[PDB]
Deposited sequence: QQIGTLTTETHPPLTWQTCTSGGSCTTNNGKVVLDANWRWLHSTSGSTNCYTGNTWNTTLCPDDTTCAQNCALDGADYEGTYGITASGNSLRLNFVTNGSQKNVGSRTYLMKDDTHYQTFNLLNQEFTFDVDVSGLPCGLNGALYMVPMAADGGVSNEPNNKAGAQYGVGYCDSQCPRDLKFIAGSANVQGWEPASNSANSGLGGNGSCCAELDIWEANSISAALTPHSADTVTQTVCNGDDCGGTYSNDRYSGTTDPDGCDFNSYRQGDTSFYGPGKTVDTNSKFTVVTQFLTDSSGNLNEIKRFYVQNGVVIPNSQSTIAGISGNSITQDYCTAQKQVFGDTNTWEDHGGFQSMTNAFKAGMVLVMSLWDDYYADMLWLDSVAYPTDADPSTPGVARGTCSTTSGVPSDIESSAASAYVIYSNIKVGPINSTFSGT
């Protein structure tokens, strides 16, 4: 994709911190950038749209290459169009924004400068942030996560990609998404079928560390492995993931090794009025421990609320013990829940180690779920028809009829999430309390 010049692209500032082992932290002046899929995409010769609604202009985009040559991503009005505001240490994403047209959700990335994403290698480190999820009902997901996108957005080896990180280009994840307009320096118009989205012929695959997927009801922490940790391009249904007729037939792990406290048997721990009380802000700490060879072997979670350090809840499911993500936990959980262990298949902890070594980009998003209504995260039963008596079926308190986008984009139009006070450093460097 080309660089559009009709609207200035100014990345809202967002400060985040790097800490020493003793808890002394210094500030980094980062910026946030909106993902390319949300942008106006128009001809390089003026204001004519290359893409409108859920279809392409086939004169401008008769094929993937020509489309990338002809079409330019332009600047974004962050607050006015997309409901994205960044102030000091805080980033707020609004669910619905009624600008000139209705916008639903957003996906953003942390930048180190105006043409490069910040990358992270969190081995032997922790990532910590504050979050307010009180405004997120059933069916919403304020996600903060990491994927090994190219730091420059792909420009160095993609001749038809000039827009790059500056315009939020280069997304991939463990679902191998086919709804992306640009993948690996080409448009995705060939094979495009409308569902503001459709599915193109290609998907964009990589490993994915879901540090935080949550609303006020339920939260999940989920690493996803991949055969190749950085971006690869896939072919239609062979992509696997959510947009395929054969979910597990691809090169990534679309399920991950998840820890959702509620799914792991503790329904008293996370939620409204609960131990981690989602009616108020709280701190989320995620630690990436290694074995003696420096390979990831454990992900731990702590919360801080009202100055109290709260260890992650123990899994209470018979056959699945502990309160952290380890090889023993993941093996046990997949066996006991009867879920295909695509996590281990595509390289598990070694895959995630390699993803960190490649360098992870931080993604902050807010979305609703057109495939499964977020029921996998927060439903009394997922699948909806499954028995909550069966281990792994229940994930939250939301009804099986909750989270339908057409419903919640109305009833929860005022929803929002605020991420703040991002801190990174050695183990136990970023938090304290009683």
What are the C-alpha gaps when you align the coordinates back onto the deposited sequence?
196-199
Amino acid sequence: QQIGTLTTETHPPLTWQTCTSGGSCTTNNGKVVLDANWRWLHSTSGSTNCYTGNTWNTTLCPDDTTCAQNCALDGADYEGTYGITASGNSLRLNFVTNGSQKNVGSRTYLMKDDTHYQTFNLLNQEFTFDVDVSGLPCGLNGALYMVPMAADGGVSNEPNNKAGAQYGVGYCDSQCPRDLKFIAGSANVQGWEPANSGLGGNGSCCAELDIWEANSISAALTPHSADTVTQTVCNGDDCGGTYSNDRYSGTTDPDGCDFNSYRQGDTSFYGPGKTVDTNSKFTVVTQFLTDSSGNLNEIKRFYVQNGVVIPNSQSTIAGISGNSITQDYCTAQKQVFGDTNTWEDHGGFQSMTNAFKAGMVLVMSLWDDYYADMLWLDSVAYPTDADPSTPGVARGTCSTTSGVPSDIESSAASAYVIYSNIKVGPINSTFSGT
From here on, numbers count along this sequence of modelled residues.
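Just so we're on the same page, rigid core means the largest C-alpha set that superposes within 1.5 Å between forms.
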After superposing on the rigid core, which of 22-30 and 381-389 has its C-alpha atoms sitting farther from this form in 4 other deposited structures of this protein?
22-30
Stretch with the higher entry mean CA B-factor, where the candidates are 382-390 and 368-376
382-390
Comparing average C-alpha B factors as deposited, tell me which of 424-432 and 3-11 sits higher.
424-432
Please pick out which of 246, 266, 255, 132 has the largest Cα B-factor as recorded in the entry.
246
The residue of 43, 37, 400, 66 with the maximal C-alpha B-factor according to the PDB record is 400
Consider only the C-alpha atoms of the modelled residues in this chain, order them by B-factor as the entry records it, and name the third containing residue 33: lowest, middle or highest.
lowest
Should residue 109 be placed in the lowest, middle or highest third of its chain by the C-alpha B factor in the entry?
lowest
Third assignment of residue 128 from its chain's C-alpha B-factors:
lowest
Relative to the other modelled residues in the chain, which third contains the C-alpha temperature factor of residue 141: lowest, middle or highest?
lowest
When the modelled residues of the chain are sorted by Cα temperature factor, does residue 341 land in the lowest, middle or highest third?
middle
